[PDB]
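Working notes for the structure below.
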Amino acid sequence: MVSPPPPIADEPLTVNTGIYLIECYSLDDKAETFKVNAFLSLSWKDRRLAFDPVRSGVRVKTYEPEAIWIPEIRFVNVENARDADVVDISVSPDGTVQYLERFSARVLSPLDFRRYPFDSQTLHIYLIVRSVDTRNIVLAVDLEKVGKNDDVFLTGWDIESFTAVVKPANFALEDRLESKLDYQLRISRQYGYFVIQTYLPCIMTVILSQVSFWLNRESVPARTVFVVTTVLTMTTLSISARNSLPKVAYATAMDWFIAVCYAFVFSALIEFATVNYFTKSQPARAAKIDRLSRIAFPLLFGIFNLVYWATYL
Amino acid sequence: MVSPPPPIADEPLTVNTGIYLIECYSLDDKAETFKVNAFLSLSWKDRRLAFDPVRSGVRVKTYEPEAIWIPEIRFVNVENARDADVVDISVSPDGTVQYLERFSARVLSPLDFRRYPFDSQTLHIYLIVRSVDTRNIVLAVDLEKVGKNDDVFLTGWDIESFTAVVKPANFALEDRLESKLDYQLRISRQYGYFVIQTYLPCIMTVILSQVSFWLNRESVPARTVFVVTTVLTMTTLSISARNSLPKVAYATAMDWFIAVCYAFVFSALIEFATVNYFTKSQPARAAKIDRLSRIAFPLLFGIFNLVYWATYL
Amino acid sequence: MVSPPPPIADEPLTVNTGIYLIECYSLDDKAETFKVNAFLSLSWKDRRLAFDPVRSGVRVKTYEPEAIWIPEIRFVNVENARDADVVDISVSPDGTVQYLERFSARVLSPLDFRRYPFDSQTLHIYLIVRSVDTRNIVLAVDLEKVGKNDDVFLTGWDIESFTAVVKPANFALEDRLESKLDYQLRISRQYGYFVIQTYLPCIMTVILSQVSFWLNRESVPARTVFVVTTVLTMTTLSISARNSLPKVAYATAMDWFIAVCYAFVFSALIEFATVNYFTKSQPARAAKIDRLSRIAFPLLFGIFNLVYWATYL
Amino acid sequence: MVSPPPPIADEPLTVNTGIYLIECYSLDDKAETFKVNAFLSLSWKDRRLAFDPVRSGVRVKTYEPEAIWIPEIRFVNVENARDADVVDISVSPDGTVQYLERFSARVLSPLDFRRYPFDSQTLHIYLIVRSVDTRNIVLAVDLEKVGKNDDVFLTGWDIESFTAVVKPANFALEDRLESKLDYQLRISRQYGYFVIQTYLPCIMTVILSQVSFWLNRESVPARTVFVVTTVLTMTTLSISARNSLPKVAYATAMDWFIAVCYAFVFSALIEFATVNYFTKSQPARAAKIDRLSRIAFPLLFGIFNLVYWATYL
Amino acid sequence: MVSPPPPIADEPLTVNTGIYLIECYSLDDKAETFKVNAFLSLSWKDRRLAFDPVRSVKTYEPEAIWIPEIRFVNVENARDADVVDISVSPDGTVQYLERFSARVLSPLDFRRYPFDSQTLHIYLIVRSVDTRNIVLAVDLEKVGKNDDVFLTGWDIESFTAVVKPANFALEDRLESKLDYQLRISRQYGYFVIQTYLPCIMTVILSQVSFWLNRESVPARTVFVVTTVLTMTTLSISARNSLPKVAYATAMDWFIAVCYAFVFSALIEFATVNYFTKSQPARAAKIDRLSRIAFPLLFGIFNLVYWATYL
Ligand SMILES: C[C@]12CC[C@@H](O)C[C@@H]1CC[C@@H]1[C@@H]2CC[C@]2(C)[C@@H](C(=O)CO)CC[C@@H]12
Ligand SMILES: C[C@]12CC[C@@H](O)C[C@@H]1CC[C@@H]1[C@@H]2CC[C@]2(C)[C@@H](C(=O)CO)CC[C@@H]12
Ligand SMILES: C[C@]12CC[C@@H](O)C[C@@H]1CC[C@@H]1[C@@H]2CC[C@]2(C)[C@@H](C(=O)CO)CC[C@@H]12
Ligand SMILES: C[C@]12CC[C@@H](O)C[C@@H]1CC[C@@H]1[C@@H]2CC[C@]2(C)[C@@H](C(=O)CO)CC[C@@H]12
Ligand SMILES: C[C@]12CC[C@@H](O)C[C@@H]1CC[C@@H]1[C@@H]2CC[C@]2(C)[C@@H](C(=O)CO)CC[C@@H]12
Ligand SMILES: [Cl-]
Ligand SMILES: [Cl-]
């Protein structure tokens, strides 16, 4: 068929859109993609399909997508074109078409890891339509048709809300009008897992590094093993932790925690080296160094943990 | 075509459903997905298709799916629309259509890892049908048509039973009635593998850490090597083990075992540090500490193992 | 079309089947799947297609799959429906259809790792056909049409034989007769690779563990490094080795070898701890322990290797 | 249909091409591939489609691709044939066809890692068309139709520009003329990530290796632990780092940095061995060695870092 | 349609074949597969399609005329092909041209690895129909490869075809098989700096132990033990890149000899330590000789090895 001609001769055709999330899975932090399976509902007026509700003994009548003109609606931030199965098409006596499909798609949406792993994100799904030569087409949001099933889960996340920005973005693209809607899924990460995946190994490794201050200054190899193995452990945990993320330029909150832990551990190494350096000559100085490290380190570390967990919680 | 109109003018069309599991594979603990290949059987009454068994020399007659109306049956908790090959369609003289297809699909079903690796799960397969404007459609379960092939296996699991909840869940979705059935595959994990993957390295690492109490207190480096390497081994086993699971918020039984082992090992480190701290001044105290530790540690560890394996077995 | 009517009115239609392996690749131990690319040949009698060999000056005549009835043959133990390209269809004057297609498929067949890596397996490919309402259909095996190309290889394996069980399994399924053939690919693993992947690191790690008995008893740290590092090496090799297999409940022969090596190494640890425990008081006892160990350990290990390699070779 | 015949009887048909990047993702350094989703716009003259703008009350008129001849345009440096959805086809009264599709494709384009990770690249997308026997076909670039969406991101790169080389490469291939255009996406890597992934572990490992010069020369085991563990750490970081790249023949800037760090650390090992060799006889020599090393090493390292970061920044 | 009937009534129809490599990527050493994207060109004589050039090239759609079913043997799935052109000649000569991509499965010989050369094979095959026997041939004009073809780890020597095909019987029909051969040689330098250097340096490090004071037993223990475990790790790591081949590669030999030298250094340290109190002259002599023999035997070994495999 052809696009619905304008009654006002100069009126844009608006398509009322709605998405209802059925399934949400495969949120890939490294790929910054996730997979979604949902209903897409579109609704518009085409009087050419109108009919008398009394002369015609049918109350609605239903068409197949090949029978009538349907607007070409595309997703923007997606990897391939979605896979969709048309579910239903119902026309009204006045000519109002209500189209309903179920689709799955891999959406590509960038994440802000600065606050990670205490981060919240807004996943975006951009709808777009390109105007034809006969008529301009404009997108709109039917709030009645937006929502998500209750059994929608992201195993690592809390799902806050799924909403749409009602006013669309209309703009020129290659000499035609495009209309783009922004659906927004707000989510916040469940950080507890990482607490026992990285934060505990780091804190315990720092404590282990601090145990060296209580060993006899003359047993140099023991303290060497402690300091060195704790340093290498810190480095390994750092690299391991950053291996979960994409190659982002900035630093995450976990990056800061790990870097400060590395500071404390390397400071323990420098302390061990200084004390050993002063052990023969000036044993009073070395002894005082151990005494102060033994008080300062766990105190500064406790204060640091307090400021950090107070801040990011 | 269109849906069969009701004879009672107000009667819902019920679709008799059945699933027969043929193949079950690719149970991914991290993705909380598994792949299934089975028969789907549907059966309903469409009088329009009735025929004279005598005038028509056929006792059944068979149609192609394009020939007759077939209800749109969808899976809910699936990643993509299933891949199906229609196997057979048999109409009865009275108009009873019996439809049979074979499908494969990737089902997405969440797992409860709290008791892991001693966990049981119910994998769900939700069938759903959406009512059309001419008639409401309702799902039901033909028990004769439910089951699973004997050579169905989950390499890591024992399969208990495959049953269906007979009463469906009917609800409103985007202004239409939907009918949902819940097929339930009950399975229980075979934990033995993990016993030799994680639990043994942990137990042996604890014993190794305890060996340090029997080394001469003056040979500080040896005990340092024991304690430190055992601590780092415990940390490595913990991280490694938790790397097999999805980012669940809670803690598994394995988490508890590993955490208690880590408690014992780090406690052995603190013991070595205390003994070394009291070795020059008050050697009687240090000696008494080792004397008691050699009895307490393996005893508390044996008791703990008793409570744990007694509980989770 | 429709299925060939029976001449005996009560005679089952047999389909003569054959598979000719062209390519065999991607044997996945963890997934218990492999990919196969082969010929499938079917042969049956449809009198409707018969013709006079003299009146018709053609010796065979060939049809397209859409032209004639073709039996719906399905694989059982497969992940998706196969991908098939029809190669040829030739009818005989008497009505004998010979159909030939080339297909690729991902077959799922469980492996028995108990004897691994000295294991042999039977990979299964189950063919099946479902009876229609007009006639019962039964599978059979045409040995002339079974075989494999000589350049068929599964890297890391010896291919013994590819045969078929001639008598099929006929059984009732959802009120219809099904006919199932069992094609069997017998293979045996090439263990030599693992000899240099796991067995040598273990044997050398045991020898290294035994070196500790010859170091001076007063150099406690050296022996500590030996015993501890060798123990951790054993643990690492065990975990690494079991990482190649699926989560099987049982233990493989490699598992037994590694476990016995761990027994010897941990026993060397206990020996080092005992000798160190008796080094100050009763130096004769410790000396005797080292003296005996230096003979017993490598002897018991040699005998063990003798029994093991004698058994599994 | 067939291609538009030439008016000059000898004139080549040019197709005006444009690509508008919508989505850019999955830049795989190891595979040297990336995935792209964009608009492809083609424009050519087919006087067979001309029409009177007055007799025909329409100003453009739009066709389906099956209705009219469309040039076979292929990508060269792609893995599979692209996936395209035709978006619009608009003819002008003069016969000017404007075709617009949206496609996704996996482009294969080699990278120059010599300056990695301080590298810039030009990703190429080569368009090509093969001439038919009725007419030669030539490609051209419509600058109005080239560009990229503002929300185009490579989660690790700065995108400089997306341009086209206007003069195409025309050449003979298998006895027909081929016409090839070169679209060029210029990008430059964000190296900061690697600074904290590899460069910091290396620098800290070097400093740690230098700490050994300040330990008492008599505590030989401590210095041994330092030097040896730092050497193995350097080796591990080197291998790990090169594990991110494809098997390129040449050496990267990171390769040079790591190799120089390895030089400094192994030189620290040789220094420790020499000092230990001269510790009993000629302690003055050993002392002089440590005294000089403590000044030389960190100076040569500082200067080295200055030249390196000055050069590659 | 049906296959072209023979003019001699008993003559086989030959199909002139050619492959032109456009794209070559994803050579997987572990899977022994590679991916190829190329032109396939076929040429044969069908007089039924001949025509008077004066009364009337002319081009058909593949559905319009009979086209021979040509299959690849050593492939995982059937290729994906887009027909590019079909041109008939006045005499009936059909020239068909398609562009295809396929994942070819071809075994590699790792014995000389990583100094190995390989011949990747692409086997074409055609099955004879009941009306006529079909035989394959090679149109040299139609064989080649684009210049910008690269294997990101290999030097490409040549791409040629064996002109004489292999004809044989398969399930009661004649099959005709062509062997296209892509000769390549591996660029070993990467492995030179991935494994061989860590091995050589690990051996040197193991040798440093002979110069430490014999009384400092723990230091030498650290050297020997860590160097041994490093050797083991490098061996396992290296063999993790290859399929589970039965035989041994040249890298296997280099790593095995390095392991021999390192474990020999461990045995030397243990012997010296065993004789340090009683017979210190013997231990001293052992170190004296070792310090000369080890680096000499190792240098000579490297000379023979790199001389041989280059
Ligand atoms: C920072 C630097 C010099 C600059 C690089 O070579 C790195 C070393 C690391 C070890 C440091 C050394 C400076 C002197 C220190 C602090 C010694 C002292 O207490 C001096 O009395 C003990 C450890 C030594
Ligand atoms: C907990 C803390 C201080 C707070 C952090 O720096 C961590 C260390 C770890 C080592 C501990 C130390 C406190 C004092 C201990 C218990 C010593 C004593 O028995 C003193 O009698 C031996 C080991 C020492
Ligand atoms: C097995 C056990 C007890 C049970 C767990 O606590 C683990 C320890 C590990 C260290 C063992 C100890 C038993 C006594 C041993 C063998 C000592 C003796 O030869 C006594 O002469 C040296 C090392 C000691
Ligand atoms: C390079 C070489 C010989 C050649 C291989 O066996 C490797 C060793 C490594 C240890 C080196 C040795 C040469 C002599 C050195 C430099 C000793 C000296 O200062 C000599 O005064 C200390 C460490 C020794
Ligand atoms: C090969 C064997 C015995 C057989 C297995 O238990 C493995 C050990 C490994 C350590 C070897 C030992 C034999 C005796 C050696 C060579 C000692 C001597 O110099 C003998 O004087 C030092 C290291 C010892
Ligand atoms: Cl579905
Ligand atoms: Cl393309």
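Residue numbers start at 1 in each chain; chains themselves are named A, B, ... in the order of the structure tokens; ligands are numbered from 1 in the order shown.
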For this session: Please identify the residues whose atoms come within 12 Å of ligand 3, using only C-alpha atoms and all ligand atoms, and report them as number ranges by chain.
Result: B: 203-216, 226, 264-265, 268, 290-302; C: 266-282, 285-286, 289
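Neighbours of ligand 7 at a cut-off of 10 Å, computed so that only C-alpha atoms and all ligand atoms are counted, are the residues residues 72, 73, 74, 75, 76, 77, 78, 79, 80, 81, 82, 83, 84, 103, 104, 105, 106, 107, 126, 127 and 128 of chain D; 82 of chain E.
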For the residues in that selection, give me C-alpha atoms as a PDB file, in the first residue's frame.
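Result file follows (result_13.pdb):
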ATOM      1  CA  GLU D  72      25.002  -5.179  -7.443  1.00  0.00           C
ATOM      2  CA  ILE D  73      27.234  -3.349  -4.946  1.00  0.00           C
ATOM      3  CA  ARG D  74      29.495  -5.548  -2.812  1.00  0.00           C
ATOM      4  CA  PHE D  75      31.887  -4.881   0.045  1.00  0.00           C
ATOM      5  CA  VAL D  76      35.420  -6.211  -0.404  1.00  0.00           C
ATOM      6  CA  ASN D  77      37.050  -6.363   3.033  1.00  0.00           C
ATOM      7  CA  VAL D  78      34.128  -8.068   4.769  1.00  0.00           C
ATOM      8  CA  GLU D  79      33.726 -11.526   6.257  1.00  0.00           C
ATOM      9  CA  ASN D  80      30.191 -12.325   5.079  1.00  0.00           C
ATOM     10  CA  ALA D  81      27.925 -10.522   2.655  1.00  0.00           C
ATOM     11  CA  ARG D  82      26.354  -7.601   4.482  1.00  0.00           C
ATOM     12  CA  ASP D  83      22.861  -7.748   5.960  1.00  0.00           C
ATOM     13  CA  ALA D  84      20.759  -4.977   4.435  1.00  0.00           C
ATOM     14  CA  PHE D 103      23.098  -2.498   6.841  1.00  0.00           C
ATOM     15  CA  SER D 104      25.310  -4.144   9.424  1.00  0.00           C
ATOM     16  CA  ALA D 105      28.539  -5.930   8.556  1.00  0.00           C
ATOM     17  CA  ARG D 106      31.692  -7.372  10.114  1.00  0.00           C
ATOM     18  CA  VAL D 107      34.551  -5.557   8.370  1.00  0.00           C
ATOM     19  CA  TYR D 126      36.148  -0.986   0.357  1.00  0.00           C
ATOM     20  CA  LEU D 127      33.091  -0.766  -1.882  1.00  0.00           C
ATOM     21  CA  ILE D 128      33.194  -2.455  -5.274  1.00  0.00           C
TER      22      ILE D 128
ATOM     23  CA  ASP E  82      25.847 -14.913  -4.147  1.00  0.00           C
TER      24      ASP E  82
END
Exercise. Quick one: residues within 7 Å of residue 80 in chain E, only C-alpha atoms counted, chain neighbours fewer than 4 positions away excluded, as an MDAnalysis selection string?
Worked result: chainID E and resid 100:102
Problem set entry | residue 145 in chain A environment, 10 Å, only C-alpha atoms, sequence neighbours closer than 2 positions dropped, as a PyMOL selection string | (chain A and resi 16-20+39-42+141-143+147-148) or (chain B and resi 173-175)
For this session: Name all residues at most 12 Å from residue 260 in chain E (count only C-alpha atoms; drop same-chain ones fewer than 2 positions away) and give them as a PyMOL selection string.
Result: (chain C and resi 204) or (chain E and resi 199+203+206+227-228+231-232+253-258+262-268+294+297-298+301)
Could you write out that same residue set with N, CA, C and O atoms as a CSV table (one decimal), in the first residue's frame?
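Okay, result05.csv is ready:
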chain,number,residue,atom,x,y,z
C,204,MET,N,57.9,-35.4,37.5
C,204,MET,CA,59.0,-34.6,37.9
C,204,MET,C,58.8,-33.8,39.2
C,204,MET,O,59.7,-33.6,40.0
E,199,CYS,N,62.6,-19.1,28.0
E,199,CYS,CA,63.3,-20.4,28.3
E,199,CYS,C,64.8,-20.1,28.4
E,199,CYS,O,65.4,-20.6,29.4
E,203,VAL,N,67.0,-20.5,31.8
E,203,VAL,CA,68.2,-21.4,31.9
E,203,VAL,C,69.4,-20.6,32.5
E,203,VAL,O,70.1,-21.1,33.4
E,206,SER,N,68.9,-20.1,36.1
E,206,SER,CA,69.2,-21.4,36.8
E,206,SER,C,70.7,-21.5,36.9
E,206,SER,O,71.2,-22.1,37.9
E,227,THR,N,63.3,-21.6,38.9
E,227,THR,CA,63.6,-21.8,37.5
E,227,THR,C,63.0,-23.0,37.0
E,227,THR,O,62.6,-23.1,35.8
E,228,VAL,N,63.0,-24.1,37.8
E,228,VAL,CA,62.4,-25.4,37.4
E,228,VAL,C,60.9,-25.2,37.1
E,228,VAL,O,60.3,-25.5,36.1
E,231,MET,N,60.3,-23.3,34.0
E,231,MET,CA,60.4,-24.1,32.8
E,231,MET,C,59.1,-24.9,32.6
E,231,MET,O,58.6,-25.0,31.5
E,232,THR,N,58.6,-25.6,33.7
E,232,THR,CA,57.4,-26.4,33.5
E,232,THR,C,56.2,-25.5,33.0
E,232,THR,O,55.5,-25.9,32.1
E,253,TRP,N,61.0,-29.8,21.5
E,253,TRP,CA,62.3,-30.2,21.7
E,253,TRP,C,63.2,-29.1,22.4
E,253,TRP,O,63.9,-29.4,23.4
E,254,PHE,N,63.0,-27.9,22.0
E,254,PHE,CA,63.8,-26.8,22.7
E,254,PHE,C,63.4,-26.7,24.1
E,254,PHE,O,64.3,-26.6,25.0
E,255,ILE,N,62.1,-26.8,24.4
E,255,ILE,CA,61.7,-26.7,25.8
E,255,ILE,C,62.1,-27.9,26.6
E,255,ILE,O,62.5,-27.8,27.8
E,256,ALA,N,62.2,-29.1,26.0
E,256,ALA,CA,62.6,-30.3,26.7
E,256,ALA,C,64.1,-30.2,27.0
E,256,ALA,O,64.5,-30.7,28.1
E,257,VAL,N,64.9,-29.7,26.1
E,257,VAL,CA,66.3,-29.6,26.4
E,257,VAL,C,66.6,-28.6,27.4
E,257,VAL,O,67.4,-28.7,28.3
E,258,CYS,N,65.9,-27.4,27.4
E,258,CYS,CA,66.0,-26.4,28.4
E,258,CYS,C,65.6,-27.0,29.8
E,258,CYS,O,66.3,-26.8,30.8
E,262,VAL,N,68.0,-27.4,33.1
E,262,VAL,CA,67.6,-26.8,34.4
E,262,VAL,C,67.5,-27.8,35.5
E,262,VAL,O,68.1,-27.7,36.6
E,263,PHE,N,66.8,-29.0,35.2
E,263,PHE,CA,66.8,-30.0,36.2
E,263,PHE,C,68.2,-30.6,36.5
E,263,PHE,O,68.5,-31.0,37.6
E,264,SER,N,69.1,-30.6,35.5
E,264,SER,CA,70.5,-30.9,35.7
E,264,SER,C,71.2,-30.0,36.6
E,264,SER,O,72.0,-30.3,37.4
E,265,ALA,N,70.8,-28.7,36.5
E,265,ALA,CA,71.3,-27.7,37.4
E,265,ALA,C,70.8,-28.0,38.9
E,265,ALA,O,71.6,-27.8,39.8
E,266,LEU,N,69.6,-28.4,39.0
E,266,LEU,CA,69.1,-28.8,40.3
E,266,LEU,C,69.8,-30.0,40.9
E,266,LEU,O,70.3,-30.0,42.0
E,267,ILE,N,70.1,-31.0,40.0
E,267,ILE,CA,70.8,-32.2,40.5
E,267,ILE,C,72.2,-31.8,40.9
E,267,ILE,O,72.8,-32.3,41.8
E,268,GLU,N,72.8,-30.8,40.1
E,268,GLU,CA,74.1,-30.3,40.5
E,268,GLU,C,74.2,-29.6,41.8
E,268,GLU,O,75.0,-29.9,42.7
E,294,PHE,N,78.2,-26.0,31.5
E,294,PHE,CA,76.8,-25.6,31.2
E,294,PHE,C,76.6,-24.6,30.2
E,294,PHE,O,76.0,-24.9,29.1
E,297,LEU,N,77.8,-26.1,26.7
E,297,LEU,CA,76.9,-27.1,26.1
E,297,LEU,C,75.6,-26.3,25.7
E,297,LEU,O,75.0,-26.7,24.6
E,298,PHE,N,75.2,-25.3,26.4
E,298,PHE,CA,73.9,-24.6,26.0
E,298,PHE,C,74.2,-23.8,24.8
E,298,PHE,O,73.3,-23.7,23.9
E,301,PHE,N,74.4,-26.2,21.9
E,301,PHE,CA,73.0,-26.6,21.6
E,301,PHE,C,72.2,-25.6,20.8
E,301,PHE,O,71.6,-25.9,19.8
Write out as a PDB file with N, CA, C and O atoms, in the first residue's frame which residues come within 6 Å of range 155-159 of chain A when counting only C-alpha atoms, dropping same-chain ones fewer than 4 positions away.
ATOM      1  N   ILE A 187      18.893   1.308  36.218  1.00  0.00           N
ATOM      2  CA  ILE A 187      19.319   0.157  37.004  1.00  0.00           C
ATOM      3  C   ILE A 187      20.462   0.583  37.916  1.00  0.00           C
ATOM      4  O   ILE A 187      21.156   1.566  37.658  1.00  0.00           O
ATOM      5  N   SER A 188      20.644  -0.161  39.007  1.00  0.00           N
ATOM      6  CA  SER A 188      21.774   0.088  39.890  1.00  0.00           C
ATOM      7  C   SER A 188      22.426  -1.228  40.288  1.00  0.00           C
ATOM      8  O   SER A 188      21.740  -2.206  40.590  1.00  0.00           O
ATOM      9  N   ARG A 189      23.757  -1.237  40.295  1.00  0.00           N
ATOM     10  CA  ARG A 189      24.511  -2.469  40.470  1.00  0.00           C
ATOM     11  C   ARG A 189      24.456  -2.949  41.918  1.00  0.00           C
ATOM     12  O   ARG A 189      24.410  -2.152  42.859  1.00  0.00           O
ATOM     13  N   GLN A 190      24.461  -4.270  42.090  1.00  0.00           N
ATOM     14  CA  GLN A 190      24.553  -4.880  43.416  1.00  0.00           C
ATOM     15  C   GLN A 190      26.024  -5.147  43.716  1.00  0.00           C
ATOM     16  O   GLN A 190      26.612  -6.103  43.203  1.00  0.00           O
TER      17      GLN A 190
ATOM     18  N   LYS B 247      27.003 -13.371  39.221  1.00  0.00           N
ATOM     19  CA  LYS B 247      27.210 -12.354  40.251  1.00  0.00           C
ATOM     20  C   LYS B 247      25.999 -12.314  41.186  1.00  0.00           C
ATOM     21  O   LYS B 247      25.248 -11.340  41.259  1.00  0.00           O
TER      22      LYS B 247
END
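Near chain E, within 6 Å and using only C-alpha atoms, the residues of chain D are residues 221, 224, 247 and 249 of chain D.
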Problem set entry | Within 10 Å of residue 95 in chain B using only C-alpha atoms, minus same-chain residues under 5 positions, as an NGL selection string | :B and (44-51 or 60 or 90)
Output for the residues just chosen: C-alpha atoms as a compact mmCIF listing (two decimals), in the first residue's frame:
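That gives us part.txt:
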# COMPACT_ATOMS: atom_id res chain seq x y z
CA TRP B 44 -8.29 -28.09 19.78
CA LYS B 45 -11.72 -28.26 18.15
CA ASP B 46 -12.45 -26.42 14.89
CA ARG B 47 -15.83 -27.58 13.60
CA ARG B 48 -15.24 -25.75 10.30
CA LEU B 49 -12.77 -28.56 9.52
CA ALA B 50 -15.17 -31.42 10.27
CA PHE B 51 -16.02 -33.67 7.34
CA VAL B 60 -8.36 -38.35 9.25
CA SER B 90 -4.37 -34.47 11.80
For this session: Please identify every residue of chain A that has at least one atom no more than 6 Å from any atom of chain B, counting only C-alpha atoms, and report them as an MDAnalysis selection string.
Result: chainID A and resid 156 192:193 222
Problem set entry | One-decimal distance in Å that lies between CA of residue 154 in chain C and CA of residue 105 in chain E | 11.2 Å
Exercise. When DSSP works through the backbone of this structure, what residues of range 59-273 of chain B end up as strand (DSSP E), shown as a PyMOL selection string?
Worked result: chain B and resi 73-75+83-91+96-108+120-130+137-141+147-148+157-173+176-189
For this session: Check range 88-265 of chain B with DSSP on the backbone and list each residue it calls alpha helix (DSSP H), as number ranges by chain.
Result: B: 192-194, 200-211, 220-242, 253-265
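Using only C-alpha atoms, the shortest contact distance between residue 70 in chain D and any of D:160, D:86, D:180, D:37 is found at D:86.
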